[PDB]
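Before any comments, here is the structure.
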Amino acid sequence: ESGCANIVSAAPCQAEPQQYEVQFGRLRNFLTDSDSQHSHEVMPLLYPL
Amino acid sequence: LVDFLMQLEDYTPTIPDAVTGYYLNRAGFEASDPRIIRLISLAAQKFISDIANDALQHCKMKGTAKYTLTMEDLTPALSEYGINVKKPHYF
Amino acid sequence: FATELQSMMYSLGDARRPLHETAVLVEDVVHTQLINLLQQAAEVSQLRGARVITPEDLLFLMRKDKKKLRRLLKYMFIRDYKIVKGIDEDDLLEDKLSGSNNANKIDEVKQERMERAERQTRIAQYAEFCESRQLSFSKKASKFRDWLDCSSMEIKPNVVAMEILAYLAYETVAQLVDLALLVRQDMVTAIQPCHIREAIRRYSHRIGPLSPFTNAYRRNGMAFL
Amino acid sequence: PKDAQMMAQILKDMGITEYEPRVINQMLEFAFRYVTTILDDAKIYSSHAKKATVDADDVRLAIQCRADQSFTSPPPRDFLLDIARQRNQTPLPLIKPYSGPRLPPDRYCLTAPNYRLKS
Amino acid sequence: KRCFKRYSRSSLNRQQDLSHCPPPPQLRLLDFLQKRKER
Amino acid sequence: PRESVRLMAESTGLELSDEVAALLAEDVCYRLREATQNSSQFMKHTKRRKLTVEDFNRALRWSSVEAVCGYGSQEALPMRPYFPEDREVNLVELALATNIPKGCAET
Amino acid sequence: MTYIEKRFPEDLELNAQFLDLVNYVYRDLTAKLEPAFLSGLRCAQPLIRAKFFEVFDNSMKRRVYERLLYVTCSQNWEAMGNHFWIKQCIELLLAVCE
Amino acid sequence: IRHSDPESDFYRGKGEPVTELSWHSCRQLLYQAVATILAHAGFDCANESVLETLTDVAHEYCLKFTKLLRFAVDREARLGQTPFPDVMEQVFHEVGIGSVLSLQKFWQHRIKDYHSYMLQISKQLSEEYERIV
Amino acid sequence: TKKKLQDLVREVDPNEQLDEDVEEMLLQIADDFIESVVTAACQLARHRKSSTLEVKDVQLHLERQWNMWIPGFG
Amino acid sequence: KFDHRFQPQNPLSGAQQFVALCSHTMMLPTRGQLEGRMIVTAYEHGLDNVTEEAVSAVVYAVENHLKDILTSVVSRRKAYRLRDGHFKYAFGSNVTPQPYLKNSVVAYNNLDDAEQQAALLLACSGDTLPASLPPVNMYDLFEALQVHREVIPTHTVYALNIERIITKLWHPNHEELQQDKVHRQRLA
Amino acid sequence: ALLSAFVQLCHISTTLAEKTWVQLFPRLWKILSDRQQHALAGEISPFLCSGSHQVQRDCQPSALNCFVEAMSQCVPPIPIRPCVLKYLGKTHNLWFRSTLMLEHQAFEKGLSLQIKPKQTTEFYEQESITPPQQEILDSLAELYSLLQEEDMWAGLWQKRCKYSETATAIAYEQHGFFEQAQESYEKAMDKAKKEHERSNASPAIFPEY
C-alpha cells in the first residue's frame with residue numbers, strides 16, 4: 001500500500017459540473033431495490049460516501 | 001438416380017486402409033470404421049493423378065519437332081503447385 | 001482506344017453510360033495480362049524448340065479448364081467459318097495429347113451471359129444492342145499492332161495468333177466484368193473502381209494445395225485471363 | 001566425396017556420433033537449393049539493376065531478403081521483457097479449497113455436441 | 001481497464017468524429033426530410 | 001570450400017567472382033550449422049541419440065524453410081568415382097509381386 | 001409419346017391399343033418412355049390401370065419404407081401435372097399387406 | 001432401383017479396427033500404391049528418385065490434410081456450431097476440392113471414360129490385326 | 001470522418017461484428033505493415049544508384065514477396 | 001569438446017541510429033497523415049523529391065492487406081462457395097446443400113421463377129433455427145493466423161504481433177457467472 | 001378383395017382419396033421406430049421445396065394441400081424449417097394451417113419473448129448476434145400482414161418492440177389519429193439516428209427501420 005496508484009494517472013480530470021449527485025443518486029436507486037441478501041454488507045458503504 | 005452411399009461402394013481404392021488409417025493414428029484418430037477412410041485415399045489419388053497427367057503432357061511434347069520419367073518432366077509439373085526441387089546431377 | 005472501350009461496355013452488365021477512367025483501369029489490367037501471356041508463352045516456345053508461335057501453343061496454355069475449352073471450340077467452328085485447315089489442326093491437336101476428356105470434340109456461365117444479354121434487350125435498346133455486336137478488335141488492326149508487340153525480337157505471331165490474343169482479351173474483359181458483378185452482389189445484400197480492385201485481390205489469392213501452416217509456397221505469374 | 005567427410009565432421013563437432021547415410025546427401029541438396037535460389041534472386045536484382053555484369057552488392061541485398069522471411073527466430077531479450085512488464089500488474093486469484101483441482105467453466109471446454117445432428 | 005479507455009478523454013472520436021456523418025442506407029427518409037425543410 | 005561453389009555456379013549459367021564465393025560459402029556453412037543445432041533440440045530430448053531423416057525435415061518446417069523431399073530412410077545412393085540414377089525399372093512386376101500386411105506390434 | 005394423347009383426349013380404342021403396345025414392349029433398351037408409362041395409369045380404364053399396375057408393382061420389393069422413399073425422392077410426378085397423384089400412392093402403401 | 005438400405009453396419013460408424021503398421025512397412029505400401037497408379041496413367045518405366053520425390057510429396061500432402069482435419073475437429077468440439085454442415089466438406093474448401101460431389105465426376109471422367117476409351121482402341125486394333133493377317 | 005473500420009467490414013461481409021479490443025490490433029497490424037513497406041522501399045531507393053527516389057516501379061518489384069499486384073499504372 | 005559448439009548471433013547488436021502514429025485515433029491513415037511519416041523516415045535514408053503516386057500505392061496496399069486479414073478470419077467462421085476454382089463470393093447464407101441427400105445430388109447434377117429458385121437454395125438444407133456465432137473475440141483471430149500463415153510472410157511483422165495477441169486473451173471465470181445469474185434472476 | 005375394392009373407390013372419389021391419405025400417413029408413421037423417421041424427416045424437406053409441385057398451383061384440390069396436412073397429427077415432432085411455411089401458405093392455400101403450427105412451435109422452445117430489457121454492457125457472456133426465435137416471428141408477422149389481421153399483428157409488435165415509440169405509434173394509428181402517429185414515427189426515426197452513430201449497425205432490428 002506504500003504509494004498505491006492504479007487509476008491515479010487515469011483520474012477523471014474533467015470539469016463535469018453535474019456528475020456527483022446524478023451518479024450518487026443512481027447508487028440509492030439500484031442498491032436499495034430488489035436486493036436483501038447482498039445488501040447487508042453494502043448498506044453501510046453509502047454512509048461515508 | 002442413386003445416392004452417394006452406394007456410389008461410395010463402387011469406387012475401387014488403391015492405397016490400402018492400413019496406410020490412410022495409420023495417418024489418422026499419427027494425428028490422433030481411431031481409424032476403426034471403414035466409411036470415413038475412403039475419401040482421403042481418393043483425394044490422394046486425385047492429387048497424384050493430376051501431377052501424373054501433367055507429367056504425361058510434358059513427356060509427349062519432349063522432342064517431337066518407352067515412356068521414361070526424368071527430372072525434366074517433374075520440375076515443371078511441380079512448379080504450379082509451388083514445389084521447387086533442384087537436384088545436382090554430378091558430385 | 002477509349003472509344004472502342006466505351007462501345008463494348010454497353011454489351012456488358014455495366015451499360016447505360018459508365019465512367020471512362022474505369023475503362024482505363026480495365027485497359028491497364030488487360031494490357032498487363034496480355035504482356036504476361038506473351039511472357040508466359042516465351043518459355044513454352046523456348047522449351048519446344050521452334051522460334052515461332054505454333055498454333056498448338058495457344059491451346060496448350062489454356063488446357064486447365066474444359067469450360068473455356070468449349071468456348072474456344074465454338075469460336076473456331078461457327079464464327080471461324082464465314083477454317084477448313086484449322087478444323088483439322090484442332091482435331092490433330094486434340095488427338096496429340098488427350099487421355100479421356102480432351103478427345104471429345106450446360107456450363108452455367110455462358111447461358112447466364114446470354115440470359116443477361118436478353119434481359120438488357122427487354123428495356124430502341126434492341127437496335128443499340130445489335131449495332132454494338134462485332135465491335136471488339138475487328139474494325140482496325142494497325143493500332144492493335146502498336147499497342148502490343150513492344151520488342152518482338154525473337155518470336156512473333158505470323159497470321160493467326162494475332163486474333164487469338166484479341167479474343168482472349170475480349171474474354172478477359174467479359175470475365176473481369178463478371179467478377180465485378182459478383183462483388184456488386186455482396187453490396188446490395190456505373191461501377192466504382194473499388195469493385196474491380198476487390199475482384200483482383202480475390203483472384204490473386206489462390207487456394208492451392210499445401211498452403212496452410214507454411215509461408216514458403218509463394219506465388220508466381222497469376223494467370224493470363 | 002569430399003563433402004561427405006566435412007558434413008560428418010560438422011555433425012561430430014556438435015556432439016553427434018551416430019547418424020544415417022541419407023541425411024548427408026539431404027544437406028548437400030539443401031545447400032545446392034539454397035545457393036541456386038539466391039543466385040536466381042541475384043539475377044533478378046541484376047536484371048532490375050540495368051547492368052550487364054553481376055555486382056556483389058546485389059547478393060548482399062538478396063541474402064538480406066532471404067533471412068527476412070524464410071527464417072524464423074523469436075525476438076530476444078527485449079520484446080518478451082515488455083510482455084512481462086505489461087502483465088506484471090495482473091493479480092492472482094484467491095485459493096478457495098473445496099475439492100482441489102477445479103476446472104474451467106463449462107462452455108470454455110471441449111465438451112459440446114453438434115447443433116445440427118440430433119436424436 | 002477497457003471501459004475507462006472509452007471514458008477517459010475519448011470524446012474526440014465520439015462527438016467530433018461522428019458528426020456530419022452520412023446516414024446509413026437503412027434510413028432513407030431523413031434525407032427527404034432535410035430536403036423538404038431546406039426547400 | 002570455395003571450389004565447390006564455383007562448380008555448381010557454372011551449372012547455374014554464369015560464373016562468380018573470387019571475392020564473392022568466400023562470403024557465399026561462409027553463409028552456407030552458417031545455415032547448415034544452425035540447421036544441425038535446430039535438429040539437435042528435437043533429437044536429444046525425446047529419448048534417442050541417433051540421427052533420422054524426419055528430424056531434419058521438422059527443423060526446416062518450424063524455420064519457415066521448404067522441406068527436402070526425395071530421400072527415404074534405407075541406405076542407398078552409392079558413390080563410385082558422379083550421381084547416376086538411371087535405374088530403368090518396369091512398374092508392371094512391381095505392382096503385385098510380394099505383399100504382407102502383418103505388423104506384429106504389441107506392448 | 002406425348003404427341004398422340006395431347007390432341008384427342010377422347011379416344012377409347014386408339015388409346016387402349018396404343019397402351020397395349022406400350023406395356024407389351026415393357027414386359028419384353030428403350031427405358032426413357034416415362035411420360036408414356038405414367039399416362040397409362042389414369043386415362044380411361046381400370047383394366048388398363050390394372051395391367052400397368054402389375055408391371056409397376058412386380059418391379060419392386062414388398063416393403064413399406066422403401067416405397068415411402070420412392071414416392072418422394074425417386075419418382076418424379078412431372079408427367080401428370082393436372083391429376084391427383086396421391087391416389088396412386090394409396091395403391092403402393094396397400095399392396096404390401098397380407 | 002438402388003436406394004441406401006439402412007440395414008447394415010456400414011451406414012453407422014461400426015467397423016473393424018485397422019491393423020497398426022510401422023514406418024518401414026508404410027513406406028513400402030506407399031511405393032507400391034504410387035507405382036500402380038502411375039502405370040494406370042499411361043507410363044511403363046520410371047526412375048527411383050522420381051518415385052521417391054512423388055511419395056514424399058504425397059506423404060507431406062496427406063500429413064497436412066490429416067493435420068488440418070484435426071484442428072477442424074477439436075475447434076468445433078468447444079463451440080458446438082459448424083460453419084459447414086460437414087467437417088469433411090469444410091477441409092476440402094481450404095485444400096482446394098470443391099465438394100465431395102465432385103469426386104463422382106472425377107472418377108467417371110478419369111476411370112470409367114478412360115476405360116471405355118481404352119477398350120475401344122484395343123477393339124479397333126484387334127480388327128486391324130484381323131484385317132492385316 | 002470516412003472509412004475508419006466499419007465500412008471496410010461492410011466491403012467484404014455485410015453482417016459481421018468486431019470486438020472493441022480487436023480494432024486496435026488491426027490498426028497496429030496496418031501500422032507495422034506501413035513501416036515494413038516504407039523501410040524496404042527506402043532500402044531499394046538507396047540501392048538504385050546509392051540513392052535515386054521513391055519509385056512506384058521498384059515498389060512493384062518489391063510486392064513479389066507479398067504475392068500482391070497493385071492495379072495501378074506500373 | 002564444448003568449445004566446438006557455436007553460439008547464435010545476436011540480431012540486437014545491429015541497429016540503426018536515430019537523430020532528429022495513427023494508432024489511438026481509430027482511423028485508417030489518409031493521404032495527408034501518411035505524408036508526414038514518409039518525409040520524416042526518408043530524411044534518415046536521405047531521399048529527395050517527394051512524389052505522390054507512392055503514397056497512394058502504400059494506402060491501397062494497406063487496404064488490400066486488411067481485407068485479406070478479415071477475409072481469412074470470416075472464412076474460418078462462415079460458409080462459402082467456390083466458382084470456377086478459388087473465387088469466394090457468397091460469404092453468406094446456407095445455399096450450400098447437404099451432400100448426403102439424393103435430392104441435393106439431382107439438384108447438383110441439374111446445374112415467379114426467381115423466388116422458387118431461392119427456395120431451392122435457402123430451404124433445402126439447414127436447421128429450423130440457425131443460431132449465429134458470437135462476435136470475433138481474441139481467440140478466433142489467434143487461431144486464424146496459426147492455420148493460414150500466408151497473410152503475413154514477413155517474420156518481423158507476424159512475430160511481434162502474435163505474442164501481443166496472446167496477452168489479450170480473456171474469458172470470464174466462475175465468479176462472474178453468478179453475477180450474470182443474479183442479474184438474470186432479478187429482471188424476471 | 002376389400003383392399004382392392006377400397007382402392008377403386010378412392011380413384012373415383014377425390015374427397016375419399018384425400019381423407020384416406022390424411023388418416024393413413026400418421027398411422028403408418030407410428031409403425032416406424034426411431035431408426036428411419038429421422039432420415040425420412042430430413043429427406044422430406046426438399047420434397048416440399050421441389051420444383052415439380054408448382055403445376056397444381058391453380059388447382060383448388062391440390063396434392064400438396066392434404067400432403068402437408070397429413071404430417072401434422074404425428075406425436076413425434078418433425079423438423080420443418082418453418083421459413084418454408086411462409087411460401088407454402090401463399091400459393092397452395094395454406095394460410096391458417098401454417099399459422100396454427102407456428103403458434104404451436106414458437107411458444108415452448110425458449111419460454112421467453114425477445115424484448116432486450118438491458119443493453120449489451122452488463123452481460124459478459126455474449127450469446128449470439130441474432131437473438132433466438134427471430135426468423136420465425138418475422139415469418140409469422142408477414143403472414144398476419146398478408147391476412148390483413150391488424151389486431152393480431154399489433155399485439156405481436158407491442159411485445160417484441162425495443163423502442164418506446166414504435167409500439168406507441170402503432171397503438172395511436174390503430175384507432176384513428178394518423179397525424180399523431182406520423183409525428184411519433186418521426187420522433188422514433190431521429191431518436192434512432194442519435195444512437196446509431198455512437199455504435200455499430202447493431203443487427204438486432206432489421207425490419208423495424
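Chain labels follow the order of the C-alpha cells: the first chain is A, the next B, and so on; residue numbering restarts at 1 in every chain, and ligands are counted from 1 in their shown order.
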
With only C-alpha atoms as the counted atoms, please give the residues lying no more than 12 Å from residue 96 (chain G), apart from itself and same-chain residues fewer than 2 positions off, as a ChimeraX atom specification. /G:57-58,60-68,90-94,98 /K:3-4

Output file for the selection above: N, CA and C atoms, as a compact mmCIF listing (two decimals), in the first residue's frame:
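Contents of part.txt, as written:
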```txt
# COMPACT_ATOMS: atom_id res chain seq x y z
N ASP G 57 -45.81 -52.86 -59.88
CA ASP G 57 -45.65 -53.45 -58.55
C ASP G 57 -44.64 -54.59 -58.54
N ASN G 58 -44.61 -55.41 -59.59
CA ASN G 58 -43.67 -56.51 -59.66
C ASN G 58 -42.24 -56.06 -59.92
N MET G 60 -40.65 -53.96 -58.01
CA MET G 60 -40.07 -53.54 -56.74
C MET G 60 -40.16 -54.61 -55.66
N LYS G 61 -39.85 -54.22 -54.43
CA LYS G 61 -39.93 -55.08 -53.26
C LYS G 61 -41.18 -54.74 -52.45
N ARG G 62 -41.66 -55.73 -51.70
CA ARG G 62 -42.84 -55.55 -50.85
C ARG G 62 -42.41 -55.02 -49.48
N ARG G 63 -42.00 -53.75 -49.49
CA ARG G 63 -41.53 -53.07 -48.29
C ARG G 63 -42.29 -51.76 -48.10
N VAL G 64 -42.39 -51.33 -46.85
CA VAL G 64 -43.15 -50.12 -46.54
C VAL G 64 -42.28 -48.88 -46.68
N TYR G 65 -41.13 -48.85 -46.00
CA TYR G 65 -40.29 -47.66 -46.01
C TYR G 65 -39.65 -47.43 -47.37
N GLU G 66 -39.28 -48.50 -48.08
CA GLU G 66 -38.69 -48.33 -49.41
C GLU G 66 -39.68 -47.69 -50.38
N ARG G 67 -40.96 -48.07 -50.30
CA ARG G 67 -41.96 -47.44 -51.15
C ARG G 67 -42.24 -46.00 -50.70
N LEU G 68 -42.08 -45.71 -49.41
CA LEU G 68 -42.23 -44.33 -48.94
C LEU G 68 -41.19 -43.41 -49.56
N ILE G 90 -51.76 -44.45 -52.69
CA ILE G 90 -52.56 -45.36 -51.88
C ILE G 90 -52.37 -46.80 -52.34
N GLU G 91 -52.21 -47.01 -53.65
CA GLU G 91 -52.02 -48.36 -54.18
C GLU G 91 -50.73 -48.98 -53.65
N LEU G 92 -49.64 -48.21 -53.61
CA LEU G 92 -48.36 -48.75 -53.18
C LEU G 92 -48.35 -49.07 -51.69
N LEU G 93 -48.99 -48.25 -50.86
CA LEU G 93 -48.99 -48.47 -49.42
C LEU G 93 -49.97 -49.55 -48.98
N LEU G 94 -50.84 -50.02 -49.88
CA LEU G 94 -51.77 -51.09 -49.56
C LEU G 94 -51.48 -52.39 -50.30
N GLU G 98 -51.07 -58.26 -46.21
CA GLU G 98 -51.38 -59.68 -46.33
C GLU G 98 -52.69 -59.88 -47.08
N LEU K 3 -59.50 -54.65 -49.82
CA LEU K 3 -58.47 -53.64 -50.07
C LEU K 3 -58.47 -53.19 -51.52
N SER K 4 -58.61 -54.13 -52.46
CA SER K 4 -58.65 -53.77 -53.87
C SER K 4 -59.87 -52.93 -54.20
```

Hey, which bits of chain K sit within 9 Å of chain I, and for each residue what's the closest pair of atoms and how far apart in Å (one decimal), counting only C-alpha atoms, rows by chain and increasing number, as CSV?
```
residue,atom,partner,partner_atom,distance
K:129,CA,I:17,CA,8.4
K:200,CA,I:6,CA,7.6
K:201,CA,I:17,CA,8.8
K:202,CA,I:17,CA,8.5
K:203,CA,I:15,CA,7.5
```

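One finds CA of residue 32 (chain I) at 6.2 Å from CA of residue 157 (chain J).
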
If you run DSSP on this backbone, which residues of region 12-74 of chain I come out as helix (DSSP H, G or I), and could you give them as a PDB file with N, CA, C and O atoms, in the first residue's frame?
```
ATOM      1  N   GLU I  20     -14.225  -4.767 -29.391  1.00  0.00           N
ATOM      2  CA  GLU I  20     -13.570  -3.484 -29.164  1.00  0.00           C
ATOM      3  C   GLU I  20     -12.052  -3.609 -29.137  1.00  0.00           C
ATOM      4  O   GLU I  20     -11.353  -2.724 -29.644  1.00  0.00           O
ATOM      5  N   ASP I  21     -11.526  -4.691 -28.560  1.00  0.00           N
ATOM      6  CA  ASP I  21     -10.085  -4.891 -28.482  1.00  0.00           C
ATOM      7  C   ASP I  21      -9.473  -5.401 -29.780  1.00  0.00           C
ATOM      8  O   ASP I  21      -8.245  -5.387 -29.913  1.00  0.00           O
ATOM      9  N   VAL I  22     -10.289  -5.848 -30.736  1.00  0.00           N
ATOM     10  CA  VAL I  22      -9.748  -6.340 -31.998  1.00  0.00           C
ATOM     11  C   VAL I  22      -9.411  -5.185 -32.936  1.00  0.00           C
ATOM     12  O   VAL I  22      -8.485  -5.293 -33.749  1.00  0.00           O
ATOM     13  N   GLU I  23     -10.140  -4.070 -32.839  1.00  0.00           N
ATOM     14  CA  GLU I  23      -9.930  -2.960 -33.765  1.00  0.00           C
ATOM     15  C   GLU I  23      -8.529  -2.374 -33.635  1.00  0.00           C
ATOM     16  O   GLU I  23      -7.871  -2.104 -34.647  1.00  0.00           O
ATOM     17  N   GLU I  24      -8.054  -2.171 -32.403  1.00  0.00           N
ATOM     18  CA  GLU I  24      -6.725  -1.597 -32.213  1.00  0.00           C
ATOM     19  C   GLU I  24      -5.628  -2.513 -32.739  1.00  0.00           C
ATOM     20  O   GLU I  24      -4.626  -2.028 -33.276  1.00  0.00           O
ATOM     21  N   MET I  25      -5.792  -3.829 -32.589  1.00  0.00           N
ATOM     22  CA  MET I  25      -4.788  -4.759 -33.098  1.00  0.00           C
ATOM     23  C   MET I  25      -4.661  -4.663 -34.613  1.00  0.00           C
ATOM     24  O   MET I  25      -3.549  -4.702 -35.151  1.00  0.00           O
ATOM     25  N   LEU I  26      -5.789  -4.535 -35.318  1.00  0.00           N
ATOM     26  CA  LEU I  26      -5.744  -4.423 -36.772  1.00  0.00           C
ATOM     27  C   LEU I  26      -5.037  -3.148 -37.212  1.00  0.00           C
ATOM     28  O   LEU I  26      -4.286  -3.157 -38.195  1.00  0.00           O
ATOM     29  N   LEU I  27      -5.269  -2.037 -36.505  1.00  0.00           N
ATOM     30  CA  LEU I  27      -4.547  -0.808 -36.817  1.00  0.00           C
ATOM     31  C   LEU I  27      -3.049  -0.968 -36.593  1.00  0.00           C
ATOM     32  O   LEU I  27      -2.248  -0.457 -37.386  1.00  0.00           O
ATOM     33  N   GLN I  28      -2.652  -1.664 -35.525  1.00  0.00           N
ATOM     34  CA  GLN I  28      -1.234  -1.933 -35.308  1.00  0.00           C
ATOM     35  C   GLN I  28      -0.683  -2.865 -36.380  1.00  0.00           C
ATOM     36  O   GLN I  28       0.482  -2.743 -36.777  1.00  0.00           O
ATOM     37  N   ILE I  29      -1.504  -3.805 -36.857  1.00  0.00           N
ATOM     38  CA  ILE I  29      -1.105  -4.642 -37.986  1.00  0.00           C
ATOM     39  C   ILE I  29      -0.847  -3.776 -39.213  1.00  0.00           C
ATOM     40  O   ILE I  29       0.158  -3.940 -39.914  1.00  0.00           O
ATOM     41  N   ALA I  30      -1.756  -2.837 -39.488  1.00  0.00           N
ATOM     42  CA  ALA I  30      -1.541  -1.894 -40.580  1.00  0.00           C
ATOM     43  C   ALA I  30      -0.355  -0.982 -40.294  1.00  0.00           C
ATOM     44  O   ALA I  30       0.407  -0.641 -41.207  1.00  0.00           O
ATOM     45  N   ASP I  31      -0.188  -0.570 -39.034  1.00  0.00           N
ATOM     46  CA  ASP I  31       0.939   0.285 -38.675  1.00  0.00           C
ATOM     47  C   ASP I  31       2.268  -0.423 -38.913  1.00  0.00           C
ATOM     48  O   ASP I  31       3.213   0.180 -39.437  1.00  0.00           O
ATOM     49  N   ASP I  32       2.361  -1.699 -38.534  1.00  0.00           N
ATOM     50  CA  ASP I  32       3.573  -2.463 -38.809  1.00  0.00           C
ATOM     51  C   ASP I  32       3.745  -2.718 -40.301  1.00  0.00           C
ATOM     52  O   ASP I  32       4.876  -2.734 -40.799  1.00  0.00           O
ATOM     53  N   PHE I  33       2.641  -2.926 -41.022  1.00  0.00           N
ATOM     54  CA  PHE I  33       2.723  -3.120 -42.466  1.00  0.00           C
ATOM     55  C   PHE I  33       3.228  -1.865 -43.166  1.00  0.00           C
ATOM     56  O   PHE I  33       4.004  -1.952 -44.124  1.00  0.00           O
ATOM     57  N   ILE I  34       2.793  -0.689 -42.707  1.00  0.00           N
ATOM     58  CA  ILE I  34       3.244   0.563 -43.311  1.00  0.00           C
ATOM     59  C   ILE I  34       4.749   0.724 -43.137  1.00  0.00           C
ATOM     60  O   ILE I  34       5.473   1.043 -44.088  1.00  0.00           O
ATOM     61  N   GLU I  35       5.241   0.492 -41.919  1.00  0.00           N
ATOM     62  CA  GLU I  35       6.661   0.685 -41.640  1.00  0.00           C
ATOM     63  C   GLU I  35       7.519  -0.318 -42.400  1.00  0.00           C
ATOM     64  O   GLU I  35       8.592   0.031 -42.906  1.00  0.00           O
ATOM     65  N   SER I  36       7.069  -1.571 -42.484  1.00  0.00           N
ATOM     66  CA  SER I  36       7.834  -2.586 -43.201  1.00  0.00           C
ATOM     67  C   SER I  36       7.948  -2.253 -44.683  1.00  0.00           C
ATOM     68  O   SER I  36       9.012  -2.439 -45.287  1.00  0.00           O
ATOM     69  N   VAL I  37       6.863  -1.767 -45.289  1.00  0.00           N
ATOM     70  CA  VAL I  37       6.884  -1.457 -46.715  1.00  0.00           C
ATOM     71  C   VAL I  37       7.789  -0.262 -46.997  1.00  0.00           C
ATOM     72  O   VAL I  37       8.615  -0.298 -47.916  1.00  0.00           O
ATOM     73  N   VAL I  38       7.653   0.812 -46.214  1.00  0.00           N
ATOM     74  CA  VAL I  38       8.433   2.017 -46.485  1.00  0.00           C
ATOM     75  C   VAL I  38       9.914   1.789 -46.201  1.00  0.00           C
ATOM     76  O   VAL I  38      10.774   2.313 -46.919  1.00  0.00           O
ATOM     77  N   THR I  39      10.242   1.018 -45.159  1.00  0.00           N
ATOM     78  CA  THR I  39      11.643   0.723 -44.878  1.00  0.00           C
ATOM     79  C   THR I  39      12.269  -0.091 -46.003  1.00  0.00           C
ATOM     80  O   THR I  39      13.400   0.180 -46.420  1.00  0.00           O
ATOM     81  N   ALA I  40      11.546  -1.094 -46.507  1.00  0.00           N
ATOM     82  CA  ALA I  40      12.035  -1.857 -47.648  1.00  0.00           C
ATOM     83  C   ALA I  40      12.085  -1.008 -48.911  1.00  0.00           C
ATOM     84  O   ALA I  40      13.016  -1.148 -49.713  1.00  0.00           O
ATOM     85  N   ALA I  41      11.097  -0.131 -49.109  1.00  0.00           N
ATOM     86  CA  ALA I  41      11.117   0.760 -50.265  1.00  0.00           C
ATOM     87  C   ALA I  41      12.290   1.728 -50.195  1.00  0.00           C
ATOM     88  O   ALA I  41      12.942   1.997 -51.212  1.00  0.00           O
ATOM     89  N   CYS I  42      12.573   2.267 -49.007  1.00  0.00           N
ATOM     90  CA  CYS I  42      13.730   3.142 -48.848  1.00  0.00           C
ATOM     91  C   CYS I  42      15.035   2.384 -49.053  1.00  0.00           C
ATOM     92  O   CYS I  42      16.001   2.949 -49.578  1.00  0.00           O
ATOM     93  N   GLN I  43      15.086   1.115 -48.640  1.00  0.00           N
ATOM     94  CA  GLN I  43      16.271   0.303 -48.895  1.00  0.00           C
ATOM     95  C   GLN I  43      16.497   0.120 -50.391  1.00  0.00           C
ATOM     96  O   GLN I  43      17.635   0.205 -50.867  1.00  0.00           O
ATOM     97  N   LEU I  44      15.426  -0.134 -51.146  1.00  0.00           N
ATOM     98  CA  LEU I  44      15.546  -0.201 -52.599  1.00  0.00           C
ATOM     99  C   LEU I  44      15.825   1.171 -53.199  1.00  0.00           C
ATOM    100  O   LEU I  44      16.495   1.268 -54.233  1.00  0.00           O
ATOM    101  N   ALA I  45      15.316   2.235 -52.573  1.00  0.00           N
ATOM    102  CA  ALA I  45      15.602   3.585 -53.046  1.00  0.00           C
ATOM    103  C   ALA I  45      17.090   3.897 -52.947  1.00  0.00           C
ATOM    104  O   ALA I  45      17.661   4.523 -53.849  1.00  0.00           O
ATOM    105  N   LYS I  56       7.516   4.242 -57.804  1.00  0.00           N
ATOM    106  CA  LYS I  56       6.416   3.292 -57.883  1.00  0.00           C
ATOM    107  C   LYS I  56       6.786   2.041 -58.670  1.00  0.00           C
ATOM    108  O   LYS I  56       6.217   0.975 -58.415  1.00  0.00           O
ATOM    109  N   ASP I  57       7.725   2.147 -59.613  1.00  0.00           N
ATOM    110  CA  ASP I  57       8.125   0.984 -60.399  1.00  0.00           C
ATOM    111  C   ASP I  57       8.847  -0.048 -59.542  1.00  0.00           C
ATOM    112  O   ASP I  57       8.565  -1.248 -59.639  1.00  0.00           O
ATOM    113  N   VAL I  58       9.785   0.395 -58.700  1.00  0.00           N
ATOM    114  CA  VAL I  58      10.500  -0.545 -57.843  1.00  0.00           C
ATOM    115  C   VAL I  58       9.613  -1.088 -56.733  1.00  0.00           C
ATOM    116  O   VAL I  58       9.921  -2.144 -56.165  1.00  0.00           O
ATOM    117  N   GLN I  59       8.520  -0.396 -56.403  1.00  0.00           N
ATOM    118  CA  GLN I  59       7.563  -0.943 -55.447  1.00  0.00           C
ATOM    119  C   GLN I  59       6.871  -2.175 -56.011  1.00  0.00           C
ATOM    120  O   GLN I  59       6.582  -3.124 -55.273  1.00  0.00           O
ATOM    121  N   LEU I  60       6.598  -2.180 -57.320  1.00  0.00           N
ATOM    122  CA  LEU I  60       6.039  -3.368 -57.957  1.00  0.00           C
ATOM    123  C   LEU I  60       6.980  -4.558 -57.839  1.00  0.00           C
ATOM    124  O   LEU I  60       6.532  -5.680 -57.578  1.00  0.00           O
ATOM    125  N   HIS I  61       8.281  -4.335 -58.030  1.00  0.00           N
ATOM    126  CA  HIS I  61       9.268  -5.384 -57.822  1.00  0.00           C
ATOM    127  C   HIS I  61       9.369  -5.807 -56.363  1.00  0.00           C
ATOM    128  O   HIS I  61       9.785  -6.938 -56.086  1.00  0.00           O
ATOM    129  N   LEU I  62       9.005  -4.925 -55.429  1.00  0.00           N
ATOM    130  CA  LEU I  62       9.039  -5.272 -54.013  1.00  0.00           C
ATOM    131  C   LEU I  62       7.867  -6.156 -53.606  1.00  0.00           C
ATOM    132  O   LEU I  62       8.016  -7.008 -52.724  1.00  0.00           O
TER     133      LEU I  62
END
```

Excluding same-chain residues fewer than 6 positions from region 48-51 of chain I, what lies within 9 Å of it counting only C-alpha atoms, as a short mmCIF file (atom, residue, chain, number, x, y, z; two decimals) with N, CA, C and O atoms, in the first residue's frame?
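As a result, out17.cif now contains:
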```
data_model
loop_
_atom_site.label_atom_id
_atom_site.label_comp_id
_atom_site.auth_asym_id
_atom_site.auth_seq_id
_atom_site.Cartn_x
_atom_site.Cartn_y
_atom_site.Cartn_z
N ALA D 49 18.74 -4.11 -62.16
CA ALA D 49 19.79 -3.12 -61.96
C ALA D 49 20.30 -2.52 -63.26
O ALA D 49 21.25 -1.73 -63.21
N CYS I 42 12.57 2.27 -49.01
CA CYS I 42 13.73 3.14 -48.85
C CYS I 42 15.03 2.38 -49.05
O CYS I 42 16.00 2.95 -49.58
N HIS J 45 17.22 8.18 -44.39
CA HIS J 45 17.81 7.48 -45.53
C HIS J 45 18.31 8.42 -46.62
O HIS J 45 18.97 7.97 -47.56
N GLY J 46 18.01 9.72 -46.52
CA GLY J 46 18.49 10.68 -47.49
C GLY J 46 17.78 10.61 -48.83
O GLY J 46 18.40 10.29 -49.85
N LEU J 47 16.49 10.92 -48.85
CA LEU J 47 15.68 10.92 -50.06
C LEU J 47 15.17 12.33 -50.34
O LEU J 47 14.94 13.13 -49.42
#
```
